[PDB]
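K.L.:
Have a look at the structure that comes next, please.
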Amino acid sequence: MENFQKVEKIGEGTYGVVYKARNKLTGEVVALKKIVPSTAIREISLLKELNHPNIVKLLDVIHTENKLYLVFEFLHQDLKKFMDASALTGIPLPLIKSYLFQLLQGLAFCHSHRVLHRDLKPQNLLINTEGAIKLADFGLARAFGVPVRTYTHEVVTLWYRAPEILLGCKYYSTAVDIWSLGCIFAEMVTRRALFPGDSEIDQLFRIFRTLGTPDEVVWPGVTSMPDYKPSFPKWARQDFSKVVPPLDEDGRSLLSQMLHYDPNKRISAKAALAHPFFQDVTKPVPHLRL
Ligand SMILES: Cc1nc(C)c(-c2ccnc(Nc3ccc(C(F)(F)F)cc3)n2)s1
């Protein structure tokens, strides 16, 4: 670990704090994540081989005196920040479509290898000036865990949590990542969080008010779910046209499929790549201020 020279507190994730570091030898710039059971070690170590242009490369893993340091390739900005920096004008559709396409690409890769992110969010998507967007902290949720809180003396964000997780499902699948990406997608379009809940019940109810209270009709087995309460208010489904304006019909169609209540009905990353919405997909360059 004495091989790096901390440069600045780049972040403060749920696993631990993140610093920008300079490998004293190669001089390469990396993102140093200081965070353990051997199980985790095998887990976060298998990730070292999961490489993809849209996945933030996990350079190395340093476990010294029960201190877990994760070294990732460095990117100068996350989407949350770019999104805030594009607040007045918003991100150009072409760029939105390119980012989702690449993210769907990263997801398809991870999912084909049976790896889930489990906690996608704007702060976990990093961009470079090349017009590239990558998934950060991938597979780090299973490798460890994810409580309502943490040591960072901070609050978790459930804004992007799929309903099956909120309803008590313990064996959720890759479909939770698609739900999360759907929320981010809607957020890139509206420049406003889709379901900014402040508690699990508020989170679930904001979803309910927009997509309608799920029942056995649209979600077979939903009432069997652990945290399902026959007493949930019965909300009507609000037309999607009112959810993500002014996204066009192709996008609203893709989004609605990424937000299906039934995980099994929810569109897969691989299948989303063949959606008409990306028929005219390109790769524009963003304008970043570093
Ligand atoms: C949480 C994170 N986990 C990883 C692996 C992260 C990472 C890896 C490489 N680069 C970056 N860059 C970055 C750049 C700017 C910001 C901020 F805070 F200004 F928005 C936040 C993050 N972050 S952030």
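All the letters of the sequence shown, read from the start, carry residue numbers 1 to 35, 44 to 298 under the deposited numbering. Beta carbons are placed, not taken as given, at the ideal position from N, Cα and C, and that holds for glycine.
Look at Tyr269 and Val230 and say whether their C-beta atoms are less than 9 Å apart.
P.N.:
Closer than 9 Å, so yes.
K.L.:
Ligand 1 heavy atoms versus the CB of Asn3: any closer than 8 Å?
P.N.:
Answer for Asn3: no, Cβ out of range of ligand 1.
K.L.:
Examine ligand 3 and report whether any of its heavy atoms sits within less than 8 Å of the Cβ of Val197.
P.N.:
What this structure holds is ligand 1, not ligand 3.
K.L.:
Measure the C-alpha to C-alpha separation of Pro228 and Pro222 and round it to an integer number of angstroms.
P.N.:
9 Å
K.L.:
To which residues of the same chain is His60 closer than 7 Å at the C-beta, ignoring the five residues directly before and after it?
P.N.:
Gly114, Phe117
K.L.:
Between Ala144 and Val64, which are expected to be in contact by the criterion C-beta below 8 Å, what is the C-beta distance as a whole number of angstroms?
P.N.:
4 Å
K.L.:
Going by Cα to Cα distance, which pick from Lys56, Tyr15, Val79, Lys88 is closest to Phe4?
P.N.:
Nearest option by C-alpha distance: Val79.
K.L.:
Give me, in chain order, the residues of the same chain whose beta-carbon lies closer than 6 Å to that of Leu55; leave out the 5 immediate sequence neighbours on both sides.
P.N.:
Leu66, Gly147
K.L.:
Could you check if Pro171 is buried or exposed, using at least 16 other CB atoms within 10 Å of its CB as the buried criterion?
P.N.:
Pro171 is buried by the Cβ-count criterion.
K.L.:
Around the C-beta of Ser46, are 16 or more other C-beta atoms found within 10 angstroms, so that it is buried, or is it exposed?
P.N.:
exposed
K.L.:
Would the beta-carbon of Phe216 fall within 9 Å of that of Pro241?
P.N.:
yes
K.L.:
So, at 8 Å on beta carbons, what are the nonlocal neighbours of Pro130 in its own chain, with the 5 sequence-adjacent residues on each side left out?
P.N.:
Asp86, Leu87, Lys88, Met91, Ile192, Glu195
K.L.:
I need the straight-line Cα distance from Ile209 to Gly153, nearest angstrom please.
P.N.:
21 Å
K.L.:
Quick check on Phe146: does DSSP put it in helix, strand or coil?
P.N.:
coil
K.L.:
CB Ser106 to CB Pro284, shorter than 9 Å?
P.N.:
no
K.L.:
Taking the alpha carbon of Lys34 as the reference point, which residue from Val156, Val225, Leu111, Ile70 has its own alpha carbon closest?
P.N.:
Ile70
K.L.:
Which term fits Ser188, buried or exposed, when burial requires 16 or more other beta carbons within 10 angstroms of its beta carbon?
P.N.:
buried
K.L.:
Determine the contact status of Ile104 and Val197, defining contact as a CB-CB distance below 9 Å.
P.N.:
yes
K.L.:
Following the continuous alpha helix (DSSP H) through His119, name the residue where it begins and the one where it ends.
P.N.:
101-120
K.L.:
Which same chain residues end up closer than 8 Å to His121 when comparing Cβ atoms and leaving out the 5 residues on each side of it in sequence?
P.N.:
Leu58
K.L.:
Using the Cβ count rule (16 or more neighbours within 10 Å means buried), how would you classify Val163?
P.N.:
A residue is called buried when at least 16 other Cβ atoms come within 10 angstroms of its Cβ; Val163 does not meet this threshold and is exposed.
K.L.:
Take the Cβ of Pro271 as the centre, count every other Cβ of all protein chains shown within 10 Å, and call the residue buried at 16 or more, exposed below.
P.N.:
buried
K.L.:
Please determine, among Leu267, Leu133, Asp127, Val30, the residue with the shortest C-alpha to C-alpha distance to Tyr15.
P.N.:
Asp127
K.L.:
Sort out for me which residues DSSP pairs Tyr77 with in a bridge.
P.N.:
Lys34, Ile70
K.L.:
Check the DSSP bridge columns for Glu8 and list the partner residues they point to.
P.N.:
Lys20
K.L.:
Is the beta carbon of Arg245 closer than 9 Å to that of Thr218?
P.N.:
yes
K.L.:
For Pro204, which residues of its own chain have a beta-carbon under 6 Å away from its beta-carbon, when the five flanking residues on both sides are left out?
P.N.:
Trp167
K.L.:
Just checking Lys33 against ligand 1 - is the residue's beta carbon closer than 8 Å to any of the ligand's heavy atoms?
P.N.:
yes
K.L.:
I want to check one thing, is the minimum distance from the CB of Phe248 to the heavy atoms of ligand 1 below 8 Å?
P.N.:
no
K.L.:
Using DSSP bridges, identify the partner residues of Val29.
P.N.:
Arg22
K.L.:
What's the C-alpha gap between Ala93 and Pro238?
P.N.:
43 Å
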